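First comes one chain, alone, set out as structure tokens in the form deposited in one PDB entry.
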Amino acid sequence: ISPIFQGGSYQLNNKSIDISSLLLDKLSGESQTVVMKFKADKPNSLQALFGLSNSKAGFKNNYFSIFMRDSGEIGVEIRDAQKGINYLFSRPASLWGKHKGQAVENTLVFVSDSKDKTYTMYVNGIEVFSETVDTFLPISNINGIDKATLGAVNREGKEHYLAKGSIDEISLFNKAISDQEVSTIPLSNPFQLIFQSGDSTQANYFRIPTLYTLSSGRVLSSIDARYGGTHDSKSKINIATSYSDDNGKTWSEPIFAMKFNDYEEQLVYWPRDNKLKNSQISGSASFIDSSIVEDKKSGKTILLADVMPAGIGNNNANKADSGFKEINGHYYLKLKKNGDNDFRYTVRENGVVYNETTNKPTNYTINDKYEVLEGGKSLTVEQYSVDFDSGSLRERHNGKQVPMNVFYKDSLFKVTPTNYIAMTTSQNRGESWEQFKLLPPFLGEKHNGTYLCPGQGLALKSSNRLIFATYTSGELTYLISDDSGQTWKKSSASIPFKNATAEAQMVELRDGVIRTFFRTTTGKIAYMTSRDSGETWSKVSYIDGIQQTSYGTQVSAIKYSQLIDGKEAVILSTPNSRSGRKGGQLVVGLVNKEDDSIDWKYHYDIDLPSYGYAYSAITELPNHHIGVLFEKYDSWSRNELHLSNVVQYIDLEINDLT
């Protein structure tokens, strides 16, 4: 339908603009819609963009406002002193500031719906909150309102929450427009969603993006399909992949590389209140940290991820056990039968389940899918679902059978409660994925296996060598295969660090020369160097000019195919901040052919220094553009947990970076 008020081209330079004369008398009915197209690339700490208020002395808590923070958060206040109502809804990390040097036109649609008693906020096509209340306070029904205001809120004759920005177009509707009509509002977005709430994954949250340009020109992406908030394991997580055959313009409905079925693929809205936000799915198996590589020889695509059995993760993973028993040179998967006190079982070749205590083979075997068969008949357990209907998290049997899996809670046979690493392969460049296979241990029978570094493996351009970086305490454990990932060996490389999330990524500077950038605990990104195509590694050094917080963040790195300023070019993707995960950057480095030193020459801010930027993925697209798929939020902060559609893709060209 049609607007009751329409204005635009408003400049908010720390002075409010009065539109009361024009707007107020047009207000009528108890449901309303706001449509605001605005820019803020130098926001103040906290500012109102728009406000209906009672400006009369002693009614300072009678106003509606649409406010933002310089961290990118958006919200409304709906306060009526005389109704004893002070509503406040918001979601951190909902905005854009700048892109390619230009102010982003952000599009905001707030719906106040008096029949459903529900407020709803959209920003650039993304629903960022939807709240129902017992008691609806219409924004036009606030007692004694007498001002409509832009760039401030007029309380008691003074300008509160003064804004620095601009509102290019604002519209108003004495109606609560439908979710469908919203979608027909044109957007001016500089980003895209690859995976997204409501897609085939049916996961509401995504984390840990990957990107990898296949040789056909297909660009591939994997990611954590995180169901139980954005928590790490323990939780439910699946690995999902999508691809683009058009240089990152469009992307395929995603499929699963790695998946478990003990728990329903549920789309939950995870509570963001302090009392509940640390609810955690606790009985589910899960995957986490995918990394991708393409093998030149067989043509196959290879994808690895950390694997976690039911209830298990970083903090409670049985260290001092690999989960395997080594009998005569070879490694065998340990199991525990229901009702035992110990792992009196192993999984030998062709799956056969052996009781160790009597050395006898049993009637059970283990299929490719790590499923249990008895007598060659596959057993089933019941699926679980979760809900917050009782008010806390509740995990309950949903009356649906699924094949029994040795990683599940209800399995007759259970793996060792620690962390593993699995691979899968695609023969069709991400249109399907084979059943995953466990990698063997590398650091011994009595050590929990390492941790996969999420991102890309390196395929060495002049050999058949495939390399996947992993980390554990004290060292980067590189995983080398020269036979299409059919067999693996480890190349260890000490680092001056204990208990670091030493997430490592590699570039090939020239044939056989691998430099690996990695996350530390010192606030500075580290690096090392191999010159035998990964056989041995240098001591550790650090980068100056880039800053990270003490706990640090994953860093993505690539070898640019083209020469820049006449020199070999490396590109780095990372937050540049000592305070949190924000101030995203692409940093371009030229190599010194004399000593292999890199001169960090160009810094490109992905968005404002105060806007969240976390885990990231970078690829060189077949048209030589650069694709960036990243966590556009502070995925460390406890205040920005459980946001939907914050992993975003952008397209960049080199000249944008310089």
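In this text, residue numbers run from 1 along the sequence as written.
- Per-stretch averaging of Cα B factors for 79 to 87 and 211 to 219 places 79 to 87 on top.
- For the pair 354 to 362 and 279 to 287, the mean B factor over Cα atoms is greater in 354 to 362.
- Take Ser94, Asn106, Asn315, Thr574 and read off each C-alpha B-factor from the entry; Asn315 has the highest.
- When the Cα B-factors of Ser426, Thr521, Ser200, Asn341 are read from the PDB record, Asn341 comes out highest.
- Among all modelled residues in this chain, the alpha-carbon of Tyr227 has a temperature factor (C-alpha) in the lowest third.
- Split the chain's modelled residues into thirds by C-alpha temperature factor. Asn367 is in the highest one.
- Among all modelled residues in this chain, the alpha-carbon of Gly29 has a temperature factor (C-alpha) in the highest third.
- In the PDB entry, a CA B factor belonging to the middle third of its chain's modelled residues is recorded for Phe468.
- Among all modelled residues in this chain, the alpha-carbon of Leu629 has a temperature factor (C-alpha) in the lowest third.
Not pictured, yet referred to below: the form deposited with a small molecule bound.
- Picking from 591 to 599, 25 to 33, 45 to 53, 617 to 625 the stretch near the small molecule in the deposited bound form, with a 4.5 Å limit on heavy atoms, gives 617 to 625.
- Within this chain, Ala569 is remote from the site of the small molecule in the deposited bound form, having no heavy atom within 4.5 Å.
- Mapping the unseen interface onto this chain, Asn189 falls outside it, with no heavy atom inside 4.5 Å of the small molecule in the deposited bound form.
- Interface residue remark: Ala459 is counted as part of the site for the small molecule in the deposited bound form, having a heavy atom within 4.5 Å.
- At a distance threshold of 4.5 angstroms between non-hydrogen atoms, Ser426 is out of contact with the small molecule in the deposited bound form.
- Taking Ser530, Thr365, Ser140, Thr213 one by one, only a single residue has any non-hydrogen atom within 4.5 Å of the small molecule in the deposited bound form, and it is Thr213.
- With the partner omitted from this view, the residue of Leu466, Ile558, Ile170, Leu95 that lies near the small molecule in the deposited bound form is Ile558 [heavy atom within 4.5 Å].
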